[PDB]
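In what follows, a single structure is set out as structure tokens and then discussed.
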Amino acid sequence: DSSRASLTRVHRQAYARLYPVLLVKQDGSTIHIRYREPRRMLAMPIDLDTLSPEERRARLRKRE
Amino acid sequence: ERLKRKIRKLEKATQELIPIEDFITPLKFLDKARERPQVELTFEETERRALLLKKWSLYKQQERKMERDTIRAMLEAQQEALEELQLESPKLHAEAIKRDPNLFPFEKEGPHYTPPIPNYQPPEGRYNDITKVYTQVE
Amino acid sequence: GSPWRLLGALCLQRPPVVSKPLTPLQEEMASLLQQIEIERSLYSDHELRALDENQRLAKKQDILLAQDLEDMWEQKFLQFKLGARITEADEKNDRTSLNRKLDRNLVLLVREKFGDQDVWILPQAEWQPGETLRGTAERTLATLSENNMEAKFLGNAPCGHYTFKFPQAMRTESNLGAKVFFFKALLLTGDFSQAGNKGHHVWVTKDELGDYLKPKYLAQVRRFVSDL
Amino acid sequence: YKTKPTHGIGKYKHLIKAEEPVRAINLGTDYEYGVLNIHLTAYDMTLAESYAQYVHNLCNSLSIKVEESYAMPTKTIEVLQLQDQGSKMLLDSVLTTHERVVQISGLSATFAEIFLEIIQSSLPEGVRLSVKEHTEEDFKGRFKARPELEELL
Amino acid sequence: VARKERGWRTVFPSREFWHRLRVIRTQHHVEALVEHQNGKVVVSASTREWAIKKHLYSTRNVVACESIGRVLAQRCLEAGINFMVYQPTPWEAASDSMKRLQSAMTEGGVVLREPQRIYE
Amino acid sequence: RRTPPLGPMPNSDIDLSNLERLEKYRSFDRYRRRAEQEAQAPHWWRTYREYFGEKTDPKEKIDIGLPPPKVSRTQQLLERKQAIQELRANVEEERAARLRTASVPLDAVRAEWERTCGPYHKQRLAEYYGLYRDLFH
RNA sequence: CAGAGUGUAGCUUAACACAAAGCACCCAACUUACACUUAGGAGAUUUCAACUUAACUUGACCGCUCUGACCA
Ligand SMILES: [Mg+2]
């Protein structure tokens with residue numbers, strides 16, 4: 001299962017403290033990660049540039 | 001003619017591997033200000049950590065036993081089917097032992113912690129990559 | 001030829017959607033590993049930013065302190081609601097839905113009528129000359145209730161095989177029985193449509209496989225079906 | 001001595017595979033795959049490294065030759081989320097992507113389904129498993145580019 | 001004055017001794033032997049023995065290796081064996097198990113170094 | 001002119017067709033363990049054991065002592081297994097072993113040793129000292 | 001259900017007794033990883049009797065595999 005190789009720690013001799021952070025993906029699924037600051041959740045945003053030009057013409061008003 | 005001679009000699013420079021950031025320690029870490037106080041541990045705590053790691057050795061061993069048994073069960077089941085298929089239809093068996101051509105690339109994603117929320121609108125933004133560029137120079 | 005009908009079966013599996021819940025010992029080992037990580041870890045940028053605030057208190061320009069930032073961060077997390085790991089299907093025990101038992105791996109079981117009897121089996125289709133045995137298994141997916149399911153067949157070798165013999169009335173020199181060869185596949189995307197969801201299909205885990213399958217049939221299905 | 005029955009009692013080089021003191025390509029037979037690359041990409045460096053170690057040790061248990069185990073250059077991405085009631089994107093967080101590659105050769109045709117099942121089921125959360133057949137393009141991806149060479153082209 | 005088997009310079013271990021201490025560590029047990037250069041075993045202590053095994057929590061840890069040394073040292077003195085050579089590998093010598101086992105032998109009266117042969 | 005070997009040659013079972021697939025030693029200790037075992041075995045070729053090893057009668061040494069005592073292995077194994085489980089149960093025993101403070105009572109060891117392996121260790125010592133060779137031929 | 005063989009933990013024609021052994025395994029540290037090495041971890045005679053003894057020979061007992069029957 002997922003727990004087969006999940007439980008671990010940073011194996012570097014010198015490393016800065018990392019805090020567990022829930023990364024919320026665009027679909028809304030969340031995965032635990034290690035982040036520099038003691039945040040509780042991180043949300044990955046939808047990138048506007050990827051949007052096609054036909055949609056952006058009509059999504060310009062929708063974005064508002 | 002001069003251009004051709006140069007092209008032949010260009011390959012003498014061997015390729016150089018791209019450094020890996022993960023292995024390279026950051027310089028900021030060297031500073032002794034960014035050092036944990038290194039608090040010592042109590043006697044009772046060392047017992048709890050030692051006994052816990054003893055339990056971990058055996059729990060992991062049982063985990064490996066199930067994985068080893070699972071592969072053994074699958075291998076025997078697959079072999080028996082291959083033996084039966086050969087007897088029943090040798091021509092069909094020959095196809096079954098061939099290597100799958102369209103199998104790869106095989107891409108799989110780890111299971112998330114929570115399932116995706118149906119109605120979730122992520123606040124739009126932009127992804128900017130800071131990856132450096134390393135070019136080999138004679 | 002032979003009195004054995006060659007049939008190909010499909011072992012369609014839905015791989016875990018969510019990570020499994022850590023067990024008691026794993027819950028302890030996880031905390032110990034986190035504790036050990038902190039002890040051997042150098043001070044983080046946020047940690048140092050907080051030490052400066054402590055020095056300021058002893059003596060007596062960022063208005064927001066390190067602790068103040070953490071308070072704001074916590075508020076946002078509490079507001080956000082995570083997707084339920086245990087779905088509404090688990091409450092209703094609706095075994096016809098791909099939503100239930102996200103952590104576990106489900107298998108597809110279809111009810112077909114054989115000898116005027118309702119028997120749960122893996123989707124199967126009779127072999128047609130000129131097609132590989134795995135080709136038959138792929139055909140089983142198409143020859144089902146209306147569905148958009150897409151599957152990734154892993155390899156061409158049969159995972160397992162179950163042999164049964166027809167009853168005396170059906171049993172004859174021409175048709176004694178059938179040879180069923182199973183083929184594993186992963187359900188990448190898609191599900192049975194609402195029109196085809198009336199019944200005769202149940203997504204079940206390995207533990208629940210015995211409830212629907214026969215004794216001898218179950219014994220062979222379990223071998224290749226992964227417990228993990 | 002040559003004549004004596006014990007001639008050759010101390011020959012050992014046949015026992016050891018000869019090694020010669022740019023790299024030949026390897027492909028597979030109709031019943032075996034060629035060199036394969038197992039790409040373990042995960043935002044958490046520990047999880048990527050952890051599963052790379054697990055896959056390597058699993059290959060040893062199955063007597064599967066592991067040609068090489070290494071890492072790819074870390075990928076850093078800046079997540080600039082729109083500031084409230086503002087038209088200018090502001091940096092919110094930096095996310096690194098860490099990739100570990102385990103190279104295996106000689107994987108059997110029949111056994112491939114068994115191997116993929118085991119390493120697919122044990123995948124940790126947030127870790128992406130991509131298995132690709134080895135190719136010269138991949139090996140050149142770990143070596144720096146030569147603009148000067150391209151300029152001469 | 002007895003001659004030691006000199007030679008064997010290109011191979012390991014040396015044969016230039018009258019008695020040697022050999023420690024055999026298995027997956028489950030620890031064994032220490034004192035044997036003559038001719039291959040005969042003079043005295044031995046092993047965790048397989050019930051006399052030693054019943055007083056040990058584990059028969060494969062450092063404590064077992066130290067206990068074997070203490071027991072073997074007593075049996076050595078009773079057999080009149082005061083000197084022997086110990087021929088470990090680089091990793092065996094560094095290990096704490098062999099350090100503790102050697103200390104027990106020396107604290108038990110065994111020198112672990114043999115006197116030089118008297119040629120004249 | 002070549003002479004056929006007078007027996008199985010060393011390193012002949014090793015299949016050279018699949019050299020890469022064979023399991024290597026990987027460690028000095030594993031090779032040495034196998035090397036010592038091979039040396040002990042008898043060989044058709046000339047060996048150091050022949051010229052330097054003592055020549056003794058092949059017939060087994062006559063045993064002129066008292067008969068061995070009768071022991072019930074099933075009961076003996078039962079009690080010993082229960083004794084070790086009792087010893088290992090104690091938390092103090094595990095802690096002493098983990099912290100490397102535990103020791104064995106030398107006096108108690110020798111008392112049990114005399115009852116169990118001591119007669120066979122004294123026989124080995126007497127054999128090494130030549131007492132049997134000189135006292136009972 | 002019936003017949004047949006079969007039984008030490010994963011393997012072993014390990015087990016004379018002085019003893020359930022050797023190796024294969026699992027964790028931690030080292031190693032990018034592997035390997036090596038160090039320091040740790042888990043353990044079996046299916047069960048009960050049969051003349052002292054019996055992991056071993058006898059019977060039952062239980063498990064195991066194989067074959068045939070039942071068997072859509
Ligand atoms: Mg390891």
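Each chain in the structure tokens gets a letter, A, B, ..., in the order shown, and its residues are numbered from 1; ligands are numbered from 1 in order too.
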
How close does each residue of chain B get to chain C, giving the shortest atom pair and distance in Å to one decimal for every residue with an atom at most 6 Å away, counting only C-alpha atoms, sorted by chain and residue number, as a Markdown table?
| residue | atom | partner | partner_atom | distance |
| --- | --- | --- | --- | --- |
| B:34 | CA | C:43 | CA | 4.9 |
| B:35 | CA | C:42 | CA | 5.0 |
| B:36 | CA | C:42 | CA | 5.4 |
| B:73 | CA | C:223 | CA | 5.8 |
| B:74 | CA | C:224 | CA | 5.0 |
| B:77 | CA | C:160 | CA | 5.1 |
| B:78 | CA | C:159 | CA | 4.4 |
| B:81 | CA | C:160 | CA | 5.1 |
| B:96 | CA | C:157 | CA | 4.6 |
| B:97 | CA | C:157 | CA | 6.0 |
| B:100 | CA | C:155 | CA | 5.5 |
| B:111 | CA | C:18 | CA | 4.7 |
| B:112 | CA | C:18 | CA | 4.9 |
| B:113 | CA | C:18 | CA | 5.2 |
| B:114 | CA | C:83 | CA | 5.3 |
| B:115 | CA | C:83 | CA | 5.4 |
| B:117 | CA | C:83 | CA | 5.4 |

Could you list the residues in chain A lying within 7 Å of chain B, using only C-alpha atoms, and format the result as a short mmCIF file (atom, residue, chain, number, x, y, z; two decimals) with N, CA, C and O atoms, in the first residue's frame?
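This went into result16.cif:
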data_model
loop_
_atom_site.label_atom_id
_atom_site.label_comp_id
_atom_site.auth_asym_id
_atom_site.auth_seq_id
_atom_site.Cartn_x
_atom_site.Cartn_y
_atom_site.Cartn_z
N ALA A 14 22.95 18.07 6.96
CA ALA A 14 22.56 19.43 7.28
C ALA A 14 21.34 19.80 6.44
O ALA A 14 21.42 19.81 5.20
N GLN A 26 -5.39 21.62 -8.19
CA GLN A 26 -6.45 22.35 -8.88
C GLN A 26 -7.77 21.59 -8.82
O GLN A 26 -8.84 22.21 -8.69
N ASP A 27 -7.73 20.26 -8.92
CA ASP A 27 -8.95 19.47 -8.82
C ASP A 27 -9.51 19.46 -7.41
O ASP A 27 -10.67 19.07 -7.22
N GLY A 28 -8.73 19.87 -6.42
CA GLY A 28 -9.13 19.83 -5.03
C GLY A 28 -8.56 18.68 -4.24
O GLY A 28 -8.74 18.65 -3.01
N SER A 29 -7.87 17.74 -4.89
CA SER A 29 -7.21 16.67 -4.17
C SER A 29 -5.99 17.22 -3.43
O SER A 29 -5.29 18.11 -3.93
N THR A 30 -5.74 16.68 -2.24
CA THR A 30 -4.69 17.18 -1.36
C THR A 30 -3.69 16.08 -1.06
O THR A 30 -4.06 14.92 -0.89
N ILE A 31 -2.41 16.45 -1.03
CA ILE A 31 -1.32 15.53 -0.72
C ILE A 31 -0.39 16.20 0.28
O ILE A 31 -0.07 17.38 0.14
N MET A 44 -2.73 25.04 -5.22
CA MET A 44 -2.14 25.24 -6.54
C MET A 44 -3.16 25.91 -7.45
O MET A 44 -4.27 25.38 -7.62
N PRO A 45 -2.84 27.05 -8.06
CA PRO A 45 -3.83 27.79 -8.83
C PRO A 45 -3.90 27.36 -10.29
O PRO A 45 -2.94 26.83 -10.86
N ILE A 46 -5.07 27.60 -10.88
CA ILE A 46 -5.23 27.40 -12.31
C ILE A 46 -4.49 28.51 -13.05
O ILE A 46 -4.59 29.69 -12.71
N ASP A 47 -3.73 28.13 -14.08
CA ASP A 47 -2.88 29.07 -14.79
C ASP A 47 -3.64 29.63 -15.98
O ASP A 47 -4.07 28.88 -16.87
N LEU A 48 -3.81 30.96 -16.00
CA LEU A 48 -4.63 31.59 -17.03
C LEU A 48 -4.01 31.44 -18.41
O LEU A 48 -4.73 31.28 -19.41
#

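Atom CA of residue 24 of chain C to atom CA of residue 43 of chain D spans 26.5 Å [interatomic distance, one decimal].
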
Q: Find the residues near residue 133 of chain B: any atom within 12 Å, counting only C-alpha atoms (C1' of nucleotides), skip ones fewer than 4 places away on the same chain, and give them as a PyMOL selection string.
A: (chain B and resi 18-19+129) or (chain D and resi 73-75+143-147)

Q) Restricting the calculation to only C-alpha atoms and all ligand atoms, which member of D:45, D:15, D:61, D:39 is positioned closest to ligand 1? A) D:61

Q) Given a cut-off of 7 Å, which residues of chain G touch chain E, counting only C-alpha atoms (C1' of nucleotides), written out as a ChimeraX atom specification? A) /G:19,37-38

Go ahead and dump the residues you just picked, N, CA and C atoms (P, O5', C5', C4', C3', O3' and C1' of nucleotides), as a PDB file, in the first residue's frame.
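See result.pdb below for the written result:
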ATOM      1  P     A G  19      24.433 -28.721  25.710  1.00  0.00           P
ATOM      2  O5'   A G  19      24.264 -28.018  24.295  1.00  0.00           O
ATOM      3  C5'   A G  19      23.057 -27.362  23.959  1.00  0.00           C
ATOM      4  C4'   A G  19      22.841 -27.324  22.469  1.00  0.00           C
ATOM      5  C3'   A G  19      21.394 -27.409  22.017  1.00  0.00           C
ATOM      6  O3'   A G  19      20.708 -26.177  22.124  1.00  0.00           O
ATOM      7  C1'   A G  19      22.679 -28.922  20.761  1.00  0.00           C
ATOM      8  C1'   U G  37      30.499  -3.459   7.015  1.00  0.00           C
ATOM      9  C3'   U G  37      31.063  -5.335   8.303  1.00  0.00           C
ATOM     10  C4'   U G  37      31.807  -5.407   6.980  1.00  0.00           C
ATOM     11  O3'   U G  37      31.784  -5.911   9.379  1.00  0.00           O
ATOM     12  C5'   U G  37      31.724  -6.720   6.243  1.00  0.00           C
ATOM     13  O5'   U G  37      30.380  -7.063   5.947  1.00  0.00           O
ATOM     14  P     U G  37      30.024  -8.016   4.724  1.00  0.00           P
ATOM     15  P     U G  38      31.018  -6.752  10.514  1.00  0.00           P
ATOM     16  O5'   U G  38      30.444  -5.640  11.496  1.00  0.00           O
ATOM     17  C5'   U G  38      31.320  -4.806  12.239  1.00  0.00           C
ATOM     18  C4'   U G  38      30.618  -3.566  12.728  1.00  0.00           C
ATOM     19  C3'   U G  38      29.498  -3.787  13.732  1.00  0.00           C
ATOM     20  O3'   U G  38      29.974  -3.955  15.056  1.00  0.00           O
ATOM     21  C1'   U G  38      28.764  -2.303  12.046  1.00  0.00           C
TER      22        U G  38
END

Q.
Which residues are near ligand 1 - at most 10 Å, using only C-alpha atoms (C1' of nucleotides) and all ligand atoms? Format: as an NGL selection string.
A. (:D and (53-54 or 56-57)) or (:G and (26-28 or 34-35))

Report as a PDB file with N, CA, C and O atoms (P, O5', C5', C4', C3', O3' and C1' of nucleotides), in the first residue's frame all protein, DNA and RNA residues lying within 12 Å of residue 63 of chain G, evaluated on only C-alpha atoms (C1' of nucleotides), omitting residues in the same chain fewer than 2 positions from it.
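So the final result, stored in part_31.pdb, reads:
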ATOM      1  P     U G   6       5.885 -40.681   1.342  1.00  0.00           P
ATOM      2  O5'   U G   6       5.588 -39.161   1.712  1.00  0.00           O
ATOM      3  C5'   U G   6       6.030 -38.107   0.872  1.00  0.00           C
ATOM      4  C4'   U G   6       5.627 -36.760   1.415  1.00  0.00           C
ATOM      5  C3'   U G   6       5.904 -36.530   2.892  1.00  0.00           C
ATOM      6  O3'   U G   6       7.254 -36.187   3.155  1.00  0.00           O
ATOM      7  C1'   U G   6       3.704 -35.833   2.389  1.00  0.00           C
ATOM      8  P     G G   7       7.891 -36.442   4.609  1.00  0.00           P
ATOM      9  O5'   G G   7       7.577 -35.096   5.401  1.00  0.00           O
ATOM     10  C5'   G G   7       7.827 -33.831   4.798  1.00  0.00           C
ATOM     11  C4'   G G   7       7.101 -32.715   5.507  1.00  0.00           C
ATOM     12  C3'   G G   7       7.594 -32.413   6.921  1.00  0.00           C
ATOM     13  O3'   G G   7       7.529 -31.009   7.164  1.00  0.00           O
ATOM     14  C1'   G G   7       5.302 -32.985   6.991  1.00  0.00           C
ATOM     15  P     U G  46       6.085 -30.796  12.307  1.00  0.00           P
ATOM     16  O5'   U G  46       4.811 -30.403  13.176  1.00  0.00           O
ATOM     17  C5'   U G  46       4.393 -29.051  13.293  1.00  0.00           C
ATOM     18  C4'   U G  46       2.960 -28.960  13.754  1.00  0.00           C
ATOM     19  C3'   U G  46       2.625 -29.729  15.022  1.00  0.00           C
ATOM     20  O3'   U G  46       2.963 -29.023  16.205  1.00  0.00           O
ATOM     21  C1'   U G  46       1.017 -30.219  13.365  1.00  0.00           C
ATOM     22  P     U G  47       3.542 -29.813  17.478  1.00  0.00           P
ATOM     23  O5'   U G  47       2.276 -30.583  18.062  1.00  0.00           O
ATOM     24  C5'   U G  47       1.121 -29.871  18.480  1.00  0.00           C
ATOM     25  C4'   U G  47      -0.031 -30.803  18.765  1.00  0.00           C
ATOM     26  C3'   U G  47       0.269 -31.972  19.692  1.00  0.00           C
ATOM     27  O3'   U G  47       0.244 -31.616  21.063  1.00  0.00           O
ATOM     28  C1'   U G  47      -0.895 -32.756  17.794  1.00  0.00           C
ATOM     29  P     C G  61      -7.753 -40.262  12.330  1.00  0.00           P
ATOM     30  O5'   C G  61      -7.257 -38.909  13.011  1.00  0.00           O
ATOM     31  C5'   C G  61      -7.715 -38.534  14.301  1.00  0.00           C
ATOM     32  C4'   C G  61      -6.957 -37.343  14.830  1.00  0.00           C
ATOM     33  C3'   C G  61      -6.764 -36.191  13.854  1.00  0.00           C
ATOM     34  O3'   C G  61      -7.901 -35.350  13.762  1.00  0.00           O
ATOM     35  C1'   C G  61      -4.705 -36.689  14.900  1.00  0.00           C
ATOM     36  P     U G  65      -2.453 -27.116  -0.660  1.00  0.00           P
ATOM     37  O5'   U G  65      -2.050 -27.923  -1.972  1.00  0.00           O
ATOM     38  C5'   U G  65      -0.832 -27.652  -2.646  1.00  0.00           C
ATOM     39  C4'   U G  65      -0.153 -28.922  -3.091  1.00  0.00           C
ATOM     40  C3'   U G  65      -0.890 -29.740  -4.139  1.00  0.00           C
ATOM     41  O3'   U G  65      -0.707 -29.247  -5.455  1.00  0.00           O
ATOM     42  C1'   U G  65      -0.155 -31.164  -2.403  1.00  0.00           C
TER      43        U G  65
END

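Proximity to chain E at a cut-off of 6 Å picks out residues 88, 100, 104, 109, 112, 113 and 125 of chain F on chain F, counting only C-alpha atoms.
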
Distance limit 8 Å, atoms considered: only C-alpha atoms (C1' of nucleotides). Which chain F residues sit that close to chain G? Return them as a PDB file with N, CA, C and O atoms, in the first residue's frame.
ATOM      1  N   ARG F  26      30.419 -10.853  -3.076  1.00  0.00           N
ATOM      2  CA  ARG F  26      30.217  -9.457  -2.713  1.00  0.00           C
ATOM      3  C   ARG F  26      30.960  -9.086  -1.432  1.00  0.00           C
ATOM      4  O   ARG F  26      31.057  -7.899  -1.124  1.00  0.00           O
ATOM      5  N   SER F  27      31.491 -10.048  -0.681  1.00  0.00           N
ATOM      6  CA  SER F  27      32.145  -9.764   0.587  1.00  0.00           C
ATOM      7  C   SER F  27      33.333 -10.695   0.769  1.00  0.00           C
ATOM      8  O   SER F  27      33.320 -11.843   0.320  1.00  0.00           O
ATOM      9  N   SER F  72      16.218 -37.412  27.994  1.00  0.00           N
ATOM     10  CA  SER F  72      15.002 -37.242  27.205  1.00  0.00           C
ATOM     11  C   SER F  72      15.075 -35.889  26.507  1.00  0.00           C
ATOM     12  O   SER F  72      14.921 -34.843  27.147  1.00  0.00           O
ATOM     13  N   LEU F  77      14.389 -30.141  25.803  1.00  0.00           N
ATOM     14  CA  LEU F  77      14.112 -29.009  24.927  1.00  0.00           C
ATOM     15  C   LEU F  77      12.951 -28.180  25.457  1.00  0.00           C
ATOM     16  O   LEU F  77      12.967 -26.947  25.370  1.00  0.00           O
ATOM     17  N   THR F 116      27.279 -30.734  31.628  1.00  0.00           N
ATOM     18  CA  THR F 116      26.859 -30.891  30.245  1.00  0.00           C
ATOM     19  C   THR F 116      28.080 -31.106  29.369  1.00  0.00           C
ATOM     20  O   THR F 116      28.507 -32.259  29.178  1.00  0.00           O
ATOM     21  N   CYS F 117      28.676 -30.056  28.805  1.00  0.00           N
ATOM     22  CA  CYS F 117      29.726 -30.212  27.805  1.00  0.00           C
ATOM     23  C   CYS F 117      31.105 -30.471  28.394  1.00  0.00           C
ATOM     24  O   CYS F 117      32.028 -30.786  27.637  1.00  0.00           O
ATOM     25  N   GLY F 118      31.278 -30.349  29.718  1.00  0.00           N
ATOM     26  CA  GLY F 118      32.583 -30.480  30.319  1.00  0.00           C
ATOM     27  C   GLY F 118      33.286 -31.796  30.072  1.00  0.00           C
ATOM     28  O   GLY F 118      34.482 -31.798  29.766  1.00  0.00           O
ATOM     29  N   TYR F 120      33.095 -33.718  27.503  1.00  0.00           N
ATOM     30  CA  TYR F 120      33.548 -33.766  26.119  1.00  0.00           C
ATOM     31  C   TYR F 120      34.641 -32.744  25.843  1.00  0.00           C
ATOM     32  O   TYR F 120      35.464 -32.953  24.946  1.00  0.00           O
TER      33      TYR F 120
END

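Distances to chain F were evaluated for B:68, B:9, B:2, B:54 using only C-alpha atoms, and the minimum falls at B:54.
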
Would you mind listing, for every residue of chain D within 8 Å of chain F, the two atoms forming the shortest contact and the distance between them in Å to one decimal, using only C-alpha atoms, sorted by chain and ascending residue number, as a tab-separated table?
residue	atom	partner	partner_atom	distance
D:2	CA	F:2	CA	6.6
D:3	CA	F:2	CA	4.8
D:4	CA	F:3	CA	5.8
D:5	CA	F:5	CA	4.4
D:6	CA	F:5	CA	6.2
D:9	CA	F:10	CA	6.7
D:14	CA	F:16	CA	7.6
D:15	CA	F:16	CA	7.0
D:16	CA	F:19	CA	7.6
D:17	CA	F:19	CA	6.7
D:63	CA	F:21	CA	7.9

May I have the residues from that selection written out with N, CA, C and O atoms, as a PDB file, in the first residue's frame?
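Result file is again-v2.pdb:
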ATOM      1  N   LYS D   2      51.198 -28.264 -17.604  1.00  0.00           N
ATOM      2  CA  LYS D   2      50.325 -28.629 -18.717  1.00  0.00           C
ATOM      3  C   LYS D   2      50.042 -30.125 -18.751  1.00  0.00           C
ATOM      4  O   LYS D   2      48.884 -30.550 -18.825  1.00  0.00           O
ATOM      5  N   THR D   3      51.093 -30.944 -18.706  1.00  0.00           N
ATOM      6  CA  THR D   3      50.911 -32.384 -18.852  1.00  0.00           C
ATOM      7  C   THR D   3      50.121 -32.978 -17.691  1.00  0.00           C
ATOM      8  O   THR D   3      49.339 -33.916 -17.881  1.00  0.00           O
ATOM      9  N   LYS D   4      50.305 -32.449 -16.484  1.00  0.00           N
ATOM     10  CA  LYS D   4      49.728 -33.074 -15.304  1.00  0.00           C
ATOM     11  C   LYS D   4      48.203 -32.961 -15.313  1.00  0.00           C
ATOM     12  O   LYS D   4      47.638 -32.079 -15.961  1.00  0.00           O
ATOM     13  N   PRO D   5      47.514 -33.855 -14.595  1.00  0.00           N
ATOM     14  CA  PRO D   5      46.046 -33.767 -14.541  1.00  0.00           C
ATOM     15  C   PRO D   5      45.538 -32.473 -13.934  1.00  0.00           C
ATOM     16  O   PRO D   5      44.422 -32.045 -14.254  1.00  0.00           O
ATOM     17  N   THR D   6      46.319 -31.839 -13.068  1.00  0.00           N
ATOM     18  CA  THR D   6      45.889 -30.644 -12.358  1.00  0.00           C
ATOM     19  C   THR D   6      46.127 -29.369 -13.157  1.00  0.00           C
ATOM     20  O   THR D   6      46.035 -28.275 -12.594  1.00  0.00           O
ATOM     21  N   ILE D   9      44.173 -25.706 -12.655  1.00  0.00           N
ATOM     22  CA  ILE D   9      43.443 -25.674 -11.395  1.00  0.00           C
ATOM     23  C   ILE D   9      43.310 -24.255 -10.859  1.00  0.00           C
ATOM     24  O   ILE D   9      42.452 -24.001 -10.007  1.00  0.00           O
ATOM     25  N   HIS D  14      37.987 -16.832 -16.507  1.00  0.00           N
ATOM     26  CA  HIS D  14      36.730 -17.304 -17.075  1.00  0.00           C
ATOM     27  C   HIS D  14      35.583 -17.098 -16.094  1.00  0.00           C
ATOM     28  O   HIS D  14      34.449 -16.817 -16.501  1.00  0.00           O
ATOM     29  N   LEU D  15      35.859 -17.236 -14.795  1.00  0.00           N
ATOM     30  CA  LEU D  15      34.822 -17.042 -13.786  1.00  0.00           C
ATOM     31  C   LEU D  15      34.354 -15.593 -13.723  1.00  0.00           C
ATOM     32  O   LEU D  15      33.186 -15.337 -13.412  1.00  0.00           O
ATOM     33  N   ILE D  16      35.240 -14.640 -14.000  1.00  0.00           N
ATOM     34  CA  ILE D  16      34.926 -13.217 -13.922  1.00  0.00           C
ATOM     35  C   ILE D  16      34.573 -12.718 -15.314  1.00  0.00           C
ATOM     36  O   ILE D  16      35.264 -13.032 -16.291  1.00  0.00           O
ATOM     37  N   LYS D  17      33.498 -11.940 -15.408  1.00  0.00           N
ATOM     38  CA  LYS D  17      33.100 -11.364 -16.684  1.00  0.00           C
ATOM     39  C   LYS D  17      34.121 -10.320 -17.123  1.00  0.00           C
ATOM     40  O   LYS D  17      34.456  -9.404 -16.364  1.00  0.00           O
ATOM     41  N   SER D  63      15.823 -10.378  -8.456  1.00  0.00           N
ATOM     42  CA  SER D  63      16.952 -10.677  -9.337  1.00  0.00           C
ATOM     43  C   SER D  63      16.832  -9.929 -10.662  1.00  0.00           C
ATOM     44  O   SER D  63      17.192 -10.444 -11.722  1.00  0.00           O
TER      45      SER D  63
END

Can you list every residue of chain C that has an atom at most 9 Å from chain G, with its nearest atom pair and the distance in Å to one decimal, using only C-alpha atoms (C1' of nucleotides), ordered by chain then number, as JSON lines?
{"residue": "C:113", "atom": "CA", "partner": "G:72", "partner_atom": "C1'", "distance": 8.9}
{"residue": "C:114", "atom": "CA", "partner": "G:72", "partner_atom": "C1'", "distance": 5.3}
{"residue": "C:115", "atom": "CA", "partner": "G:72", "partner_atom": "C1'", "distance": 5.2}
{"residue": "C:116", "atom": "CA", "partner": "G:72", "partner_atom": "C1'", "distance": 8.6}
{"residue": "C:117", "atom": "CA", "partner": "G:72", "partner_atom": "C1'", "distance": 8.0}
{"residue": "C:119", "atom": "CA", "partner": "G:72", "partner_atom": "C1'", "distance": 8.8}
{"residue": "C:164", "atom": "CA", "partner": "G:71", "partner_atom": "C1'", "distance": 7.1}
{"residue": "C:165", "atom": "CA", "partner": "G:71", "partner_atom": "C1'", "distance": 6.7}
{"residue": "C:166", "atom": "CA", "partner": "G:72", "partner_atom": "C1'", "distance": 5.5}
{"residue": "C:167", "atom": "CA", "partner": "G:72", "partner_atom": "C1'", "distance": 6.9}
{"residue": "C:170", "atom": "CA", "partner": "G:72", "partner_atom": "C1'", "distance": 8.6}
{"residue": "C:177", "atom": "CA", "partner": "G:72", "partner_atom": "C1'", "distance": 8.4}
{"residue": "C:216", "atom": "CA", "partner": "G:71", "partner_atom": "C1'", "distance": 8.9}

Q | Interface, chain D side, toward chain A (9 Å; only C-alpha atoms) as a count of residues only | A | 23

Q.
Could you list, as a list in words, every residue within 9 Å of residue 21 of chain E, counting only C-alpha atoms (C1' of nucleotides) and ignoring same-chain residues fewer than 5 positions away?
A. residues 32, 33, 34, 35, 84, 85, 86, 87 and 112 of chain E

Closest atom pairs, residues of chain G within 12 Å of chain D, only C-alpha atoms (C1' of nucleotides), as a tab-separated table:
residue	atom	partner	partner_atom	distance
G:24	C1'	D:61	CA	11.4
G:25	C1'	D:61	CA	10.7
G:31	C1'	D:53	CA	11.3
G:32	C1'	D:70	CA	6.1
G:33	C1'	D:69	CA	6.0
G:34	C1'	D:56	CA	7.3
G:35	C1'	D:60	CA	10.8

Can you write out as a tab-separated table which residues of chain B fall within 12 Å of chain G, alongside each residue's closest atom pair and its distance in Å to one decimal, counting only C-alpha atoms (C1' of nucleotides) and ordering rows by chain and ascending residue number?
residue	atom	partner	partner_atom	distance
B:20	CA	G:32	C1'	9.9
B:21	CA	G:32	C1'	11.7
B:22	CA	G:32	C1'	9.4
B:23	CA	G:32	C1'	7.5
B:24	CA	G:32	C1'	11.1
B:49	CA	G:28	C1'	11.7
B:50	CA	G:40	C1'	10.1
B:51	CA	G:41	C1'	10.9
B:52	CA	G:27	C1'	10.8
B:53	CA	G:27	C1'	7.3
B:54	CA	G:41	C1'	6.4
B:55	CA	G:41	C1'	8.3
B:56	CA	G:27	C1'	6.6
B:57	CA	G:27	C1'	4.0
B:58	CA	G:42	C1'	6.1
B:59	CA	G:26	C1'	8.4
B:60	CA	G:26	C1'	6.3
B:61	CA	G:26	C1'	4.3
B:62	CA	G:26	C1'	8.1
B:63	CA	G:26	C1'	9.2
B:64	CA	G:26	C1'	7.8
B:65	CA	G:26	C1'	9.3
B:68	CA	G:10	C1'	10.2
B:69	CA	G:10	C1'	10.3
B:72	CA	G:10	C1'	11.6
